[PDB]
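Right, one structure below, let's go through it.
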Amino acid sequence: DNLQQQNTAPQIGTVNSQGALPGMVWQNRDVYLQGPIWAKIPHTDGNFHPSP
Amino acid sequence: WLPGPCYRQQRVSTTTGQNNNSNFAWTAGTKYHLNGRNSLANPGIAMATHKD
Amino acid sequence: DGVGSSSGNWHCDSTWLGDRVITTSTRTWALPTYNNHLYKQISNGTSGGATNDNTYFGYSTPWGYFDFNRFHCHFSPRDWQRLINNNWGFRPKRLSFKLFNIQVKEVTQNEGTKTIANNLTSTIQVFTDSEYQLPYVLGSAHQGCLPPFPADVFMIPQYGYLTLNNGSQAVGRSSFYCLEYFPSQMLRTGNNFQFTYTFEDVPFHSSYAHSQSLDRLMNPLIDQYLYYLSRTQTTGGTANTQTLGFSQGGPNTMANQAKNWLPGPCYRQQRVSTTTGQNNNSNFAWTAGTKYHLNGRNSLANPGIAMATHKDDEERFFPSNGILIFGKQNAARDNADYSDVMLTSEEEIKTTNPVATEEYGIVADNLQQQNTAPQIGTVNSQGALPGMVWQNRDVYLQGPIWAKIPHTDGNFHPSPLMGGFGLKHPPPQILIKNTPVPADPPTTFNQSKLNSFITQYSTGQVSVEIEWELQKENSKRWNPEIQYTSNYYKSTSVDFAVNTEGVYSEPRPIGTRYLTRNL
Amino acid sequence: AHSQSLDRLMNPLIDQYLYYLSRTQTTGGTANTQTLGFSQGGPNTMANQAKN
Amino acid sequence: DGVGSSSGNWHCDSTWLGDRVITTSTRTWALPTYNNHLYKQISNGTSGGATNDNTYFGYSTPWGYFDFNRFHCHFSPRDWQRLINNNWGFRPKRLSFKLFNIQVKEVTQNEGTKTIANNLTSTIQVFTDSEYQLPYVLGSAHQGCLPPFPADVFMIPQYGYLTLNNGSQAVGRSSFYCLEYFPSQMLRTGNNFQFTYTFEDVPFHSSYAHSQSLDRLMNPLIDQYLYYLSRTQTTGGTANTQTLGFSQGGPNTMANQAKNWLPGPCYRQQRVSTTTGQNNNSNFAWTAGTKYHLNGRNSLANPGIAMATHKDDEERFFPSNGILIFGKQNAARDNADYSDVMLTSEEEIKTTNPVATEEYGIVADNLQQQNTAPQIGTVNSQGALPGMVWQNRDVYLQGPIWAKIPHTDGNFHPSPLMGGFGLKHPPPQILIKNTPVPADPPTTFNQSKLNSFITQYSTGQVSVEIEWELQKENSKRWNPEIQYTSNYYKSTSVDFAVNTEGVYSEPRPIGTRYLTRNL
Amino acid sequence: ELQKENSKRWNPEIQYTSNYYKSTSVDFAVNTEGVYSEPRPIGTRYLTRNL
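Protein chains in written order, with the numbering used here: chain E, 51 to 102; chain H, 9 to 60; chain B, 2 to 520; chain S, 2 to 53; chain G, 2 to 520; chain C, 663 to 713.
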């Protein structure tokens, strides 16, 4: 949170929604026997990791 | 390395006696706002369901 | 190739080849002398009234540079209409260049007699940096572009640059360049100079508006088969109890149906109205502006990431520093009035991106229990998420074209913030200078260098041609769409025409996204 | 190491042509009122110039 | 090839080929007229306050000559760093030359109206003396070299020479030359002139410091097997007697071990400190300076033979006239202060040569007997000995390059004292002059010659290229060595850059010997 | 596999060098007991390049 000093105790904060960071690693949601198969990627200019 | 992204969601038990006594389905649900509309994030980004 | 010969012709035209477009233009320039043929270090520090965010350190050179990184330097408004009304996108492929019909002159001032005569032997220097070895200054949206109207002769700017600093003082890693350390072709009246460049492949430009919305991709008739949480408390009366209830998404509950995509990024900005009576009575321009901090400096995020300007029925609102603002003809430089600028509007992308003035979403806080009520929190700046989708800021007829991607190790979706095209190898810079010539030197010898020259300056012509590659639309929409048109009722003066005094003008900005396409 | 800084990519001599919001309240004295004021980025106001 | 055509381009670059280097440069010159197109004899004698050592006799000519016998005329400081940090030596191979884009102008002064107009018919003369038939004046370290910074136009010097004399009067063997007695190509605006020269083989330059000392060539672990005289008197007490005693050289008696080589020559010089309070209170500049007498004249030995400047931990000391001294920017010409000059230091060669301020050795005097105690004497200037070893004075970035070896019968180790290269056939001199043109001559005839000309002067460009041949180092040292670097902390102005007024400057001298090599 | 620099900077840059003044023991050398040592870390980014 802040800059600790001799008269100032350090403080923290809980992050609840973090965007992407260089070095991140993750997996995709699993599929199911009665679930979907595919889905059309929208036709835009920009997207990021297009997995339904 | 760093773990995947995060987009927090509200936790609720199946054991009925362990939930708050209020209707929080829509009032507490994880939404994203767009064009004056508040859509429900479903099923949200791929994240683990429950720890051990 | 002599003094009594032309060295070129006046090429300024356009042609259309179904999928190709060629543009051609020619202007008239003039080159004064700068700094008396001297390099000059310049800096500004925290002394006086200046603050930490306005310190710089750099040089000024006698050289000048050409600039045509603006769309109105190649397109007639008519041709702009032709393009933006029937195509879905475009990109540039190659270009040429030419200097010719050079004249260099000198001036003698003596007691009100300011005389100008030819000087048929002096020369000028020209060269280009194919290797990108110099500081790149184009793409920073500087003045002095080719005049939109061809009948007007213009002035060539001055060149300079910057380097690292610590206040008004330089550091060890500071750099300094000597322009004369490069090869150049020297020119007299009766020669010319030319070269050709080629663009590298690059995605087209999205000249269209989506005919659909993200959250509106489902079928209005058939419910889903997936369930969602819909009820936790009984409703038997005042004896309510906890329970679980589920339902199917449907045409009457379209907000809860499961979807597949997320809107673009967000970086909130402060909202301000044009209606004057609806703003706070305080100076909040700088104190409330959206900044980003770097190296002890607080730069202004301008124009910030591509985000929608205003939701429906609120065209009187606009972000504080998130849009492009062009000035009308003959505007003041400082503290101008609202009536004399021209505001853009990017509400066309509101179907995919979040509006630049509203929060992104609502995300959880704590862990609800039987004795603990749940709490939420508003997220105001969300990074990228897997599944995100977004669009780029639109281009304009008097806006930029390209900008050099910095040469770093890592970047993410390199598209310039001012819109346009992101290039690794942009077109090379072009530098020019009048070769110095001294006055009479002393009759005995002296070691000191000379500083007494003859006042000179040179003029001539210039021409650039660019081929543009197109993409024909293939829609099957039935009802007619929107197209760019002009007013029909009578008026005092024609728009995009000349004043009664001889002044070109432009009445309003021209976007690009006028056609439509399905998502 | 880079011999230049991101926020320092412009030309120190030529102002931009784009405007930015610069003034909202009049300064006539204590009778200040709301207004709109715009200016061009320049070598003396390098912090407000548009960047990429 | 006409008035309306260029005659060249601006070539100023550098390239690297692993073992080769090409340098290229271009400046701008201007040529006034000298002496009103007259040869003029000049002399100074013992009349007035002058003394016998300052008499001369020679001529002044209307001609001018080019000069580039200085390293900073071909090397950017960056390239200087590239070279001196990774190589062991270099030498030059060939060079070219070019004059082009000539302009000749005249000036008319009438009552404050000083007007300058072109003169498209007059000419200039140029020629070179391949046969070395003229007095050679380069290599005497004269001003007017090509400016270190390329963006500055410079002035061309005047030519002259000297010959034998006896006071202010000439002798029978005196010589006088007429420059116009040689072939030359006359030039108008629209021509050019060029030629190529080749260097003759010559040893490389020693750009390295020795990682070892002469007297330290032995093994620190194994004693020798040769003996040395170590004891003559017994030490039994006060009843000492004569005896003979011998011992082996060892790691504890390394001074007495037998060796194989001798240090370089010596020619003592007077030592003086920079700390002002540590010098005698007398003017001893000329009265105590190291001179050599010739033909009744007492010339100053400058800078004297290559010798070390100061032993360890004594960098505040320096020989009186044994080192090179460069002036900072904007120095006074006479009686300048210490703060405004730049002192060299040649302590790198201290591993082989004697320090320029100490004696060479101690040598015997007389023949000791039983009643005669032995005496010694200090030798202060030792000629060459079989087995001697030494090094040459280092070169500098703003120092000379070559110098013509005199054409005598005999010489010994011909390496210039100012450092550089010794050549039999140096690059040829280049001479230039504006052809005279007369005013209106009288309408009747007269025998007398003319003396009424039109004031003229000419300018143009010039370019030289030199290829340098390299020698890659091949060391196997483990620990890192020393390299030339710049300061890292912040400062007011960048070194080797331009002032806020437009002034190039150089902060400190740059030696060459930075790498290391085993003896 | 390498990549040769191709800068056109004029003023000299920074390079890695060692101390010049005398000292007890050579850096990156052996102790009097037979111990290798390293005095300081060595980065990489010493040259310069335009953005």
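Where a beta carbon is used, it is the ideal one built from N, C-alpha and C, also for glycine.
Beta-carbon neighbours of residue i, restricted to chain F and to distances below 7 Å
{"i": "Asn712(C)", "result": "The chain labelled as chain F is not found among the protein chains of the depicted structure, namely E, H, B, S, G and C."}
Alpha-carbon to alpha-carbon, residue j and residue i
{"i": "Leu451(G)", "j": "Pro442(G)", "result": "8 Å"}
{"i": "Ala498(G)", "j": "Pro78(G)", "result": "11 Å"}
{"i": "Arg21(B)", "j": "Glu348(B)", "result": "30 Å"}
{"i": "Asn299(G)", "j": "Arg71(G)", "result": "29 Å"}
{"i": "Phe422(G)", "j": "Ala404(G)", "result": "7 Å"}
{"i": "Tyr40(H)", "j": "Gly378(B)", "result": "12 Å"}
{"i": "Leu709(C)", "j": "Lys94(G)", "result": "31 Å"}
{"i": "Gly19(B)", "j": "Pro204(B)", "result": "20 Å"}
{"i": "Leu10(H)", "j": "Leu215(B)", "result": "30 Å"}
{"i": "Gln457(B)", "j": "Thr34(S)", "result": "52 Å"}
{"i": "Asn331(G)", "j": "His408(G)", "result": "38 Å"}
{"i": "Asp14(B)", "j": "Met187(G)", "result": "49 Å"}
{"i": "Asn120(B)", "j": "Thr27(B)", "result": "25 Å"}
{"i": "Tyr66(G)", "j": "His38(G)", "result": "15 Å"}
{"i": "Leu135(G)", "j": "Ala440(G)", "result": "32 Å"}
Where the alpha helix (DSSP H) through residue i begins and ends
{"i": "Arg79(G)", "result": "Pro78 to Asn87"}
Spatially closest choice to residue i from the options, by CA coordinates
{"i": "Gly265(B)", "options": "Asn447(B), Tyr137(B) and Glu360(B)", "result": "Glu360(B)"}
{"i": "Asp224(B)", "options": "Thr460(B), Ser248(B), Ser44(B) and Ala152(B)", "result": "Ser248(B)"}
{"i": "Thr353(B)", "options": "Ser175(B), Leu520(B) and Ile103(B)", "result": "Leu520(B)"}
{"i": "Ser208(B)", "options": "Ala385(B), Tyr178(B), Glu466(B) and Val396(B)", "result": "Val396(B)"}
{"i": "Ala210(B)", "options": "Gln484(B), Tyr268(B) and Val495(B)", "result": "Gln484(B)"}
{"i": "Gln50(S)", "options": "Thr36(S), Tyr20(S) and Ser4(S)", "result": "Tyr20(S)"}
{"i": "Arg272(B)", "options": "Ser48(B), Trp469(B) and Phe285(B)", "result": "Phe285(B)"}
{"i": "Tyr683(C)", "options": "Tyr339(G), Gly145(G), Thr513(G) and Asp313(G)", "result": "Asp313(G)"}
{"i": "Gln383(G)", "options": "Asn322(G), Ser453(G) and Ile306(G)", "result": "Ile306(G)"}
{"i": "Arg79(E)", "options": "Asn261(B), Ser48(B) and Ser453(B)", "result": "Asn261(B)"}
{"i": "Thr122(B)", "options": "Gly5(G), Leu424(G) and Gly278(G)", "result": "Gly5(G)"}
Exposure of residue i, with buried meaning 16 or more beta-carbon neighbours within 10 Å
{"i": "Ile23(G)", "result": "exposed"}
{"i": "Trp672(C)", "result": "buried"}
{"i": "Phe196(B)", "result": "exposed"}
{"i": "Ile326(B)", "result": "buried"}
Span of the beta strand (DSSP E), counted from its first residue to its last, around residue i
{"i": "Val273(G)", "result": "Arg272 to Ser274"}
{"i": "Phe196(B)", "result": "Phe194 to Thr199"}
{"i": "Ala31(G)", "result": "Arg21 to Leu32"}
{"i": "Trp17(G)", "result": "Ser15 to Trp17"}
{"i": "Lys425(B)", "result": "Neither: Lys425(B) is in no beta strand (DSSP E) and is coded neither H nor E."}
{"i": "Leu37(S)", "result": "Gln35 to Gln41"}
{"i": "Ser61(G)", "result": "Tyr57 to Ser61"}
{"i": "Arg298(G)", "result": "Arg298 to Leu301"}
{"i": "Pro320(B)", "result": "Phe318 to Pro320"}
{"i": "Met187(G)", "result": "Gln186 to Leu188"}
Any non-hydrogen atom of the ligand SAM closer than 8 Å to residue i Cβ
{"i": "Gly29(S)", "result": "Ligands in the displayed structure: none, and consequently the ligand SAM is not present."}
Could you run through the region 482-493 of chain G and flag, in chain order, every residue whose CB is less than 8 Å away from some CB of chain C? Taking 8 Å as the Cβ-Cβ cut-off against chain C, the residues of the region 482-493 of chain G that qualify are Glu482, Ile483, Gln484, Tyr485, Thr486, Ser487 and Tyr489.
Residues from the region 138-159 of chain B in contact with chain S, defined by Cβ distance under 9 Å: Within the region 138-159 of chain B, the residues whose Cβ lies closer than 9 Å to some Cβ of chain S are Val138, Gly140, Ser141, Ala142, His143, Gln144, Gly145, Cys146, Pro158 and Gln159, listed in chain order.
What are the residues in the region 462-480 of chain G lying within 9 Å of chain C by C-beta distance? Of all residues in the region 462-480 of chain G, the ones placed with a Cβ closer than 9 Å to any Cβ belonging to chain C are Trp479 and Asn480, in chain order.
Just by C-beta distance, which residues in the region 36-48 of chain H are closer than 9 Å to chain B? Of all residues in the region 36-48 of chain H, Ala36, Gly37, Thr38, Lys39, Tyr40, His41, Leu42, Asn43, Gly44, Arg45, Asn46, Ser47 and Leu48 have a Cβ within less than 9 Å of some Cβ in chain B.
Just by C-beta distance, which residues in the region 329-349 of chain G are closer than 7 Å to chain C? Within the region 329-349 of chain G, no residue qualifies.
If you measure beta-carbon to beta-carbon, which residues of the region 57-74 of chain E are closer than 9 Å to chain H? The residues in question are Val65, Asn66, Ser67, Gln68, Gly69, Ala70, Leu71, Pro72, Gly73 and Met74.
Residues from the region 684-703 of chain C in contact with chain G, defined by Cβ distance under 7 Å: For the region 684-703 of chain C, the set of residues with a beta-carbon nearer than 7 Å to any beta-carbon of chain G comprises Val688, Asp689, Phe690 and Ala691, in chain order.
Interface residues of the region 34-67 of chain B facing chain S [CB-CB below 7 Å]: Residues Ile43, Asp54, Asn55, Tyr57, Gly59 and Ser61.
Residues within the region 69-101 of chain G neighbouring chain C, beta-carbon criterion of under 9 Å: Taking 9 Å as the cut-off between beta carbons, the residues of the region 69-101 of chain G near chain C are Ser77, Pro78, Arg79, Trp81, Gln82 and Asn86, in sequence order.
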